[PDB]
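Quick note on labels: first sequence line is chain A, next is B, and so on, each numbered from 1. Values below: all heavy atoms of this structure, side chains included; hydrogens, waters and symmetry mates excluded. Read the numbers this way: they start at 1 and go in the same order the structure lists the ligands and their atoms.
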2 protein chains.
Amino acid sequence: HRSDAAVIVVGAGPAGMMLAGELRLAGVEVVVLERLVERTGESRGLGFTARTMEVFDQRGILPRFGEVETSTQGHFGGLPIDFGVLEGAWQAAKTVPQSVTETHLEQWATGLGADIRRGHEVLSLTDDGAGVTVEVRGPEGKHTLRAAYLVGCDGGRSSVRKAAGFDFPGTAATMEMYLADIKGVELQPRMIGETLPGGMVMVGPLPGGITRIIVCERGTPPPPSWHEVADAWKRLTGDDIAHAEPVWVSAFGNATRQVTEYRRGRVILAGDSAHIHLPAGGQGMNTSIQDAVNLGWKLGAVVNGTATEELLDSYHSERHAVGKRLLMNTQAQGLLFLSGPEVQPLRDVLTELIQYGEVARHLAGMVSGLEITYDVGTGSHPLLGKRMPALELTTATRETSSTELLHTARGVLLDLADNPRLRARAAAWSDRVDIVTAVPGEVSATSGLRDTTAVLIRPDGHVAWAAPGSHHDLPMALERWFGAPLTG
Amino acid sequence: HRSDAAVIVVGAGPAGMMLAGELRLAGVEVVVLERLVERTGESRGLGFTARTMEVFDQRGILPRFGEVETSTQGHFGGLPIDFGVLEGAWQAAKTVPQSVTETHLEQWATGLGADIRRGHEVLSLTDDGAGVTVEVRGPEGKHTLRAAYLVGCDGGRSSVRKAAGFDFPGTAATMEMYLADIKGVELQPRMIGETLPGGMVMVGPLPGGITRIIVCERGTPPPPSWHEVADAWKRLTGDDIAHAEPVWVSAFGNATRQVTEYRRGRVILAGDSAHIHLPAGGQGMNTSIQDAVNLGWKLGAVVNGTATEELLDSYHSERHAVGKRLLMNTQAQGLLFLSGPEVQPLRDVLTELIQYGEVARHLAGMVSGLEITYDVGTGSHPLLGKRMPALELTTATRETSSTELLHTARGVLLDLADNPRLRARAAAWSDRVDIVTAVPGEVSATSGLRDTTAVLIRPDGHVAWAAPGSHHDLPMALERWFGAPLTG
Ligand SMILES: Cc1cc2nc3c(=O)[nH]c(=O)nc-3n(C[C@H](O)[C@H](O)[C@H](O)COP(=O)(O)OP(=O)(O)OC[C@H]3O[C@@H](n4cnc5c(N)ncnc54)[C@H](O)[C@@H]3O)c2cc1C
Ligand SMILES: Cc1cc2nc3c(=O)[nH]c(=O)nc-3n(C[C@H](O)[C@H](O)[C@H](O)COP(=O)(O)OP(=O)(O)OC[C@H]3O[C@@H](n4cnc5c(N)ncnc54)[C@H](O)[C@@H]3O)c2cc1C
Ligand SMILES: [Zn+2]
Ligand SMILES: [Zn+2]
């Protein structure tokens, strides 16, 4: 297989596998180097957000998952919120283990022709502005690979970040917590957590008679034996579970850091390699998958020569902003979860505020990722920069949807008012952008789609331009996200 | 003067002086015992809330103050909020020193015939269910006084609370802060506070070239020399102010406690004696004055024999609830003010939430006291249990207002639709309740007064009943707050 690719991805976690699939959709030759021979089989995370559900759906990935339980029951820092107040938030997957999601993403990417090389550890890396050479240890021993670009999707302790000179400011961990998947004992469920006099606790069932416990005890300084975790449980809850059978026991911290640059030269980061934090609020995997979704189409266009690196710079500006918000979100939730009775007054105030619809929707927007808004220029149209909500469509020949039209990761221009001029203005981008004339289905008052005659949708599903109500014109938007018009 | 009164009040702070005046309005003989010969001349507090302004106005107290600067600029935990989003919140006094407010309340109460005995310290107290005897040291030496009821308005370190067996649960102080009024140096104002890397700081001007500083430095364990306060300033701000002239230097803490019972037998508490907390958010004096306003008319009715002690029990239930909220409010604000960078994520979330009108109004309601709602029974009418907003009124003979009609601290029944039956239904309470037929002025959509035909207003200004939309009937409300109907 040896020696060259267009893009090398380090790491086959959720970020790397989603990225690999996205690059394949862009027609890019991609090699993934993963040190592990076999998926860790972990599933620290359970379920995924409504926005993650949507980014899967828009690539036609969901049938791989079969029937998936969804839920509108949410929380913020353990404060319950009905996320059903926010349109589309219902799409959150409740229970799917991270290992299962990873499996489907790997199978998808591989099916698309990603060259995934397991048992290959990147030991080091080099970048001169022509390319990136990595040294790798595989089954064949030590060897080198070179590509135009290298993406570190190699996790919170990223070799790539360390080697490629990224600055990683933030705060050092101040506490160690535990999780344990266990058998034998039946415990009273606490799906959104339980505030205790000396900390916090989560309890929940998993298939095969497994109970998952999350143990966050007061005053613990930052692989754990089961009995210290049991001892932590006993002190917190008063209940002895030392007799249980430990399936998996793990430790984690609250170190919170983010790279100042998502790209240095030809070396880019996506996922935990760019941002680490307390895993509070079910955000890390979701954000990491979504980093890859932002990146893949852009890096693909650059590799394909259809876009300049101005486009590539927008991965940094858009995702650094999301990552900053991620750190705020998780730190805020962590404070509410983990601080003692001291923080109760603030829990109580926030609880009162949650009773207002705008607050419930605000927090739901933050947790679900449905709030995410990119700078695509100004205008009155409510959807600018936001994700395109699912929209049913009837064309001259078929019934389809915005979601389905995104399966090939192209741009999509919806002509919702049969305007042939619109079709002609954009025809110079028709090699990169599918121009679809359709009658739209019924849309809600709050969807942002009422009275909309046209929408330009980026390959990631975000709205770049809409009519009416964009200050920038359509060709400006097409040029910004798709590059130069075709020469007639 | 010696030996007897109907009610003895211990302490001539804001609570005791407001209470004394309220009892006089009820026609009650009241003796106030205050240990200090001369007002401390302190003014820890500056200005007062919109609700305090209203409770002064409704007794015709305001002319004593002359022209008073008001402001809509508020904050919650140092997060700025335009309180102007909430009707009536504009009435907050910005700068009036606590010592000035105390002076006017003392002059008012004395003018009304309160017997205030300064240099009289209550050393001890006794209660058998017939009365309360106190031993007192005055200029004449040691002597005893007896009355039907005793009210401890004797501050955070209440002798009365300690002696009368009140339970005072809460949390012990965990930090010591400083304040200093100083001359000589001109400092950049920070009227709502300034978050620093090692704490928080407030700076503001006062008449006579005085700058007030509030110094809350990281890691200080719970009379201070000026130079330790200057040293605290220097470490926090980097600025040397040791050369300044200290006018007053004071220490305070964040001990947060509340009595479980506002009344035990014939011994009642009002003010700091019932509740202590961090003085964050300008709440203590305001709540203490407002405790007295709740109590005075009720205790007066009991002394006058027109009400039973069920009425007296409602002082506990109503004000314990307000005091609980006070502890929540001040603790929440204190956390936001005083915690390090660690709490920044929560400041940032709350800042986003404050941009929603319902949130801004919610927080403004809490800080101003305009939110305060008592259990007076159920119904759809929006004002039940809440304060009566100022309402202009034209009667057959005069132009008046709800505010003016409350000057004598009687009940007020507003007949806003010329309904003579209403007048007859309530006539049996006309000895205690002024029944006023009037054409109401213009009222706002949000005042709660639109389409209101009648309102029963308690002597404290709270709405007990309204038409339409009360589940309880008018006689039920009259009986509940005013006692038995007159026998024809
Ligand atoms: C207790 C816990 C609970 C969590 N719960 C949730 C949740 O509920 N929801 C949610 O969204 N997120 C959750 N997360 C976060 C989530 O698991 C991570 O954010 C996610 O795994 C990050 O994905 P990634 O692809 O960026 O990195 P990883 O998943 O860590 O993948 C990194 C990969 O790179 C490989 N690698 C490293 N170095 C090299 C090298 N030199 N050469 C080749 N390969 C290399 C590693 O073997 C690894 O497979 C949780 C995390 C924890 C710890
Ligand atoms: C630094 C600081 C800033 C503050 N800022 C504000 C603010 O901005 N806004 C606000 O609303 N509040 C503020 N407060 C709170 C406010 O000052 C108090 O809540 C208020 O003084 C309480 O009033 P009181 O009548 O209940 O008790 P006090 O004002 O303390 O009155 C108690 C009186 O009882 C007397 N006494 C005690 N024992 C006896 C006895 N045995 N016999 C006779 N007399 C006795 C004392 O001499 C005293 O005069 C602040 C407090 C501090 C410390
Ligand atoms: Zn190989
Ligand atoms: Zn005397």
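- Taking both residues in full, the closest heavy atoms of A:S159 and A:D154 are given as N-OD2, 3.0 Å, listed atom of the first, atom of the second, then distance.
- The nearest N, O or S atom of B:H120 is closer to the Zn ion (ligand 4) than 2.8 Å.
- Remark: B:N254 pairs with B:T174 by the side-chain hydrogen bond (donor to acceptor under 3.5 Å, both in side chains) rule, at least two apart or across chains.
- Ring geometry, B:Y262 versus B:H275: the interplanar angle falls from 30° to 60°, so the pair is classed tilted.
- Remark: A:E135 pairs with no residue by the salt bridge (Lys or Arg N to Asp or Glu O under 4.0 Å) rule, at least two apart or across chains.
- Considering only residues two or more places apart in sequence or on other chains, B:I192 meets the side-chain contact (heavy atoms from CB on, under 4.5 Å) condition with B:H75, B:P80.
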Worked check of salt bridge (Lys or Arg N to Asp or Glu O under 4.0 Å) between B:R2 and B:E140: CA-CA 11 Å; B:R2 304 193 298 273; B:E140 69 265 275; over 6 Å; no

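- Sorted by chain and number, the heavy-atom contacts of ligand 1 below 4.0 Å come from A:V10, A:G11, A:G13, A:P14, A:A15, A:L33, A:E34, A:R35, A:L36, A:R44, A:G45, A:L46, A:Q98, A:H120, A:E121, A:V122, A:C153, A:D154, A:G155, A:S159, A:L179, A:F252, A:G271, A:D272, A:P279, A:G282, A:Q283, A:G284, A:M285, A:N286, A:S288.
- In terms of distance to the Zn ion (ligand 4), the nearest N, O or S atom of B:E140 is named OE1.
- No donor-acceptor pair under 3.5 Å is formed between the side chain of A:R137 and the backbone N or O of A:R35.
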